[PDB]
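Here's the letter readout for the chains.
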Amino acid sequence: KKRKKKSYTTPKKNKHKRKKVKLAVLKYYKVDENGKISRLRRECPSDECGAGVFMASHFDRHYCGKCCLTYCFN
Amino acid sequence: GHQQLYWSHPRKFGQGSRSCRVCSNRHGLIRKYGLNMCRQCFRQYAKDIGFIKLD
Amino acid sequence: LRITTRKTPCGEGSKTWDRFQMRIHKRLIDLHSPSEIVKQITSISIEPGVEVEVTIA
Amino acid sequence: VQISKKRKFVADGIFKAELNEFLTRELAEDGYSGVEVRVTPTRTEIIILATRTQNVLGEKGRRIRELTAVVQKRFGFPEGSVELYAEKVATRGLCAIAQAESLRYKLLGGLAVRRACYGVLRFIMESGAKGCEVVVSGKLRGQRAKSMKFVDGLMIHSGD
Amino acid sequence: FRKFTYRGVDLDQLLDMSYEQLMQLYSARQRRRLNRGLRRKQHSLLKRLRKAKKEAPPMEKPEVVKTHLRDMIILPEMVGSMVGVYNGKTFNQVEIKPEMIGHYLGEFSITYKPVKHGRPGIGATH
Amino acid sequence: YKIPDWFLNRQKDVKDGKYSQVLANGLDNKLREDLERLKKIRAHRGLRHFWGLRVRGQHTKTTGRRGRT
Amino acid sequence: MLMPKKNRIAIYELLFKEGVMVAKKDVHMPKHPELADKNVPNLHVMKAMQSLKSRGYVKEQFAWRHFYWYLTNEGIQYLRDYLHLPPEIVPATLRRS
RNA sequence: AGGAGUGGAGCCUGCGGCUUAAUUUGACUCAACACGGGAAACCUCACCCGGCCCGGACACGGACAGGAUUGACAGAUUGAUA
RNA sequence: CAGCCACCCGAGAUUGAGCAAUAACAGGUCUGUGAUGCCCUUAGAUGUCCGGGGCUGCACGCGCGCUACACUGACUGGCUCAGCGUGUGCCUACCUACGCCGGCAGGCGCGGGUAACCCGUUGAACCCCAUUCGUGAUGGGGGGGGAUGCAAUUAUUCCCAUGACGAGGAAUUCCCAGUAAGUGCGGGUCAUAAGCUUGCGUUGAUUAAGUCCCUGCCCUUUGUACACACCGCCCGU
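Residues numbered from 1 in each chain as written, not as in the entry; some residues may be left out. Chains lettered and ligands numbered in written order. Part of a larger assembly, values for the part shown. Heavy atoms only, no water.

For this coordinate set, the PDB header names cryo-EM as the determination method and states a resolution of 2.87 Å.

Structure below.
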């Protein structure tokens, strides 16, 4: 066969791009009328994950990988 | 989920992976007696085991 | 046992099936004897190439 | 516990084929001459012999332990079930590999193939062999791959 | 005029009541959920059929449901979806109807016109 | 003599399930003509039969001169 | 080379506690023969092997579907430096001369 | 001299141009067709997709170390399963 | 003389294969192989991950593969005979006695054994037919389903149906006594045989003890301006 001229569709994909602050600000949340850090997010009883994983509140679907409970805000 | 992301396909009739082990090829394998050797090396190690020809 | 092997990998030339023979020969002996005597007789650094197995059924 | 004969004979053929191919792959540099395997009750062993006896035996035992570990770990052998015996040379009824290696490692360091053919021929017929043939296949003078076969002595091909 | 029905049972009759009567008479192609085992990939497929037949508005052609490694069809509930099979270049378009039951949905995939009834090879006089 | 249903000639045939031994010209062959549905749904066999291609694996790559001159 | 390093240090530690080790090359296996009941991806370890043999520290050898290591003084010393093994360990293969 | 005497009729994996990307060759008239000892959706397609890992060690450039294959859930989504 | 034929004898008055020149073919195999003629080989995909359409698609188109092709025989069974093929595997898991539902498998403990132990005296094949088909294309080959593996599909792999051919396109096919064919038993994929193949039985034969014709190879003599050797050399417009 001949070379397909692989530029008409998807010549090559590039690595994932994200915008992250050098020191995390999105993972920790402030403003709870406390002099120290206050954990407003309810802890999950599943300890099979890592200690540095921060539990988030998503509007739709779940992205955990092993347990993925079902809940909503209503 | 994880079972469709990767490895959703087995091969239970695999002969290519479970081919003649001692050299690197699939052909020249017969499953009797545990040969796992091509006919060329079958002859090269025939008389060593005790093989003789009279027919 | 007969084994038969084509040699031309691709079809080119005659169908010279290498016919090799594996002829195994077997001898049995059943003994009613004291163990020590036959053990001394047998375990005498037997010849290589002949395979001996002792069975009690 | 009982096993048949044909199947284990073929399995031993597998083991023999792999060990011999690995042996001819590596040990061709250190002058080995004759290699065999032997069996003792519930015990397998590999034996080697050469004109370079202690050289093939190796320095620091590196070859012995390394290859014995290789066979032990590959062929399902329980640990320790392989050892090396000893022997000696009877006569010169099997003298080909010494001169073959000599010519090979003269050529590897820079030497004409046919000068080596002359030397190996003359040494082999000084040793007392009846006849010898050396077929070098490839390109020796020009880009035509002629299978330069050199014969000397008698060669029969017919009979029991 | 007269409509065709399979053993006198129409799409509503096959759809409303489950296969408690077809338990013994269920066809081949992964019937072995009792003799060999049970497999996955009918869960997100169920979710996606729910999604495709839940948000669909009437009087338009529904969403293209794309299959490369063709899925198994287990019930005619999925009737009403425009299926695009991967023939390699375009969409193999299938509009499912209750007459598709007991088949492989990839069976309507062809990727070659019949060989042109034109000229033979150069050396045809042998 | 109590012929079984699976042993019966029109066993679990299409449209209607009838176990009566009735033989009349004009409509019986039409009952045998259940091919209407298979050719109409243009299934795999139907899409073969559109042009007249074999459906049982008979290797007729260029053979088949019986009746085709 | 994309295997998480914990398996790398585990393999190196078992290597030096045993000496040489064997390698079977195949992607269709579910679980490693000798390393069974662990679910280790074979592709990553294979890349690690070809990287260390390309890095020039163990003599690279392709031998007919079944791979072994090549142990030497330089290889053992480099493994000791790379795994930071204590200056008291001696392999069990050199026991009693 | 004579028996099947083939092919004549639907009657092997391979098989000639073979329309489509494809039903192709690695063998070409006693040296290609039971050919690589193929019960062909595969390891019982080499010509086909895309997710599947992106083999770079060895002088050294980049913030002169965090540039995440590996983490699935009814809208994104060249299979929602990446 | 080497020898040859017949006869008397004898189990045998030539049984088959095995090994098989010197030298070469500009042969096959890197698709048995990481040494080897190689522009995309900067790890851009042939498989790693998917298996859809088909070498199952159609016209002389090269391929032994074509069982059977009918009163010699197709039916149903009264029936009576060695395969001496072989069939339980270190990271092996694929070979129904005792009782029954059944058209196959399906099994509930369950295929007796690592084998001359267990399949076994392996009742498989032309046969005294155990209803029918006394001369004709006919009784003569002859579209839904219940279930090995991830998926029966152009039925790969069991149940009822809607039964060309005349000894057959002109056809570089083998064969001379247990041999051609028939038929049968198996082994190569083994998730259960193989439309071929490889071994072995059974039934079992008519011409031959010769010759270069028409086919190939070989030898001697002879001619040659050929030696890359007639697919040569070479002359003229």
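So that's the structure; there's more coming.
Enquirer: Whenever I open this one, the sheet that holds strand β3 (residues 91–95) of chain E confuses me. Can you help?
Expert: By way of backbone hydrogen bonds, the strands of a sheet pair with one another, either parallel or antiparallel. All names here are of chain E. Taken in spatial order, the three strands of this open sheet run β1-β2-β3, and their pairing is mixed. Looking along the sheet, the strands with just one partner apiece sit at the ends: β1 (64–67) and β3. Looking at each pair of strands side by side, their axes are set apart by 30° on average, direction ignored. For strand β2 (residues 82–86) and β3, the ladder comprises five bridges, and the chain directions are antiparallel. Within β3, the residue paired with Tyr86 across the bridge is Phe91. (Pairing = 2+ DSSP bridges. Helix = DSSP H or I, 4+ residues; strand = E, 2+ residues; numbered from the N terminus. Axes fitted to C-alpha atoms, helices over the stretch in contact; angles between N-to-C directions.)

Enquirer: Can you walk me through the protein's contact with RNA strand I in this structure?
Expert: Neighbouring residues of RNA strand I: 96 residues in total, closest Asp55 of chain B, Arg2 of chain C, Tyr112 of chain E, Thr62 of chain F together with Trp64 of chain G. In RNA strand I, the atoms that sit within 4 Å of the protein are 64% sugar and phosphate, with bases accounting for the remainder. For RNA strand I, a sugar or linking oxygen lies 2.4 Å from a polar atom in the side chain of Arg2 of chain C. Within the residue set of the surface near RNA strand I, elements represented by two or more residues are α2 (39–44) of chain B, β1 (2–5) of chain C, α1 (6–26) and β4 (146–153) of chain D together with α3 (44–49) of chain F. A per-element tally of the surface near RNA strand I places α3 of chain F first, with three residues. (Near = heavy atom within 4 Å. Polar contact = N/O pair within 3.5 Å; in protein donor to acceptor, adjacent residues only side chain to side chain.)

Enquirer: In this structure, what is going on with the state of the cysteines? I would like to understand it.
Expert: Formally, a disulfide is one covalent bond, and it connects the sulfur atom of one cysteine to the sulfur atom of another. Residue and element names in this part refer to chain A. Applying the stated criterion across every chain, the model contains zero disulfides over all chains. Here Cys64 is not disulfide-linked; the sulfur of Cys49 is the nearest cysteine sulfur, at 4.3 Å. No disulfide involves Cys72; its sulfur sits 15 Å from that of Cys68, the nearest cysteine. (Disulfide = S-S within 2.5 Å.)

Enquirer: Would you explain the nonpolar core in this entry?
Expert: Here is a general trend for soluble globular proteins: nonpolar side chains tend to be buried in one another's company. Counting 30 residues, the largest nonpolar core has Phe22 of chain D together with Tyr12, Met21, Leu52 and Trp69 of chain G as the members making the most contacts within it. For this core, the elements supplying multiple residues, two or more each, are α1 and α3 (62–74) of chain D together with α1 (5–18), α2 (42–54) and α3 (73–83) of chain G. Ranked by residues supplied to this core, first place goes to α1 of chain G with five residues. With residues up to four places along the chain from it excluded, the contact list for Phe22 of chain D reads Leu67 and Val70 of chain D together with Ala63 and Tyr68 of chain G. Counting residues in each nonpolar core, the second largest holds 13 residues, with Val79, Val94, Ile96 and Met100 of chain E among its members. (Core = buried A, V, L, I, M, F, W, Y, C linked by side-chain atoms within 4.5 Å. Buried < 20%, exposed > 50% of the residue type's maximum accessible area, 1.4 Å probe, protein only. Contact = heavy atoms within 4.5 Å.)

Enquirer: Even after reading the chapter, I still don't get the protein's contact with RNA strand H, so can you show me in this structure?
Expert: The environment of RNA strand H is formed by 74 residues, the closest being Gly1 and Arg11 of chain B, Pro9 of chain C together with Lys66 and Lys113 of chain E. Here RNA strand H approaches the protein such that, of its atoms within 4 Å, sugar and phosphate make up 60%. In the model, a base nitrogen of RNA strand H is placed 3.3 Å from a nitrogen or oxygen of the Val115 of chain E main chain. In this structure, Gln50 of chain G approaches RNA strand H through a side-chain N or O atom, which is 3.5 Å from a sugar or linking oxygen.

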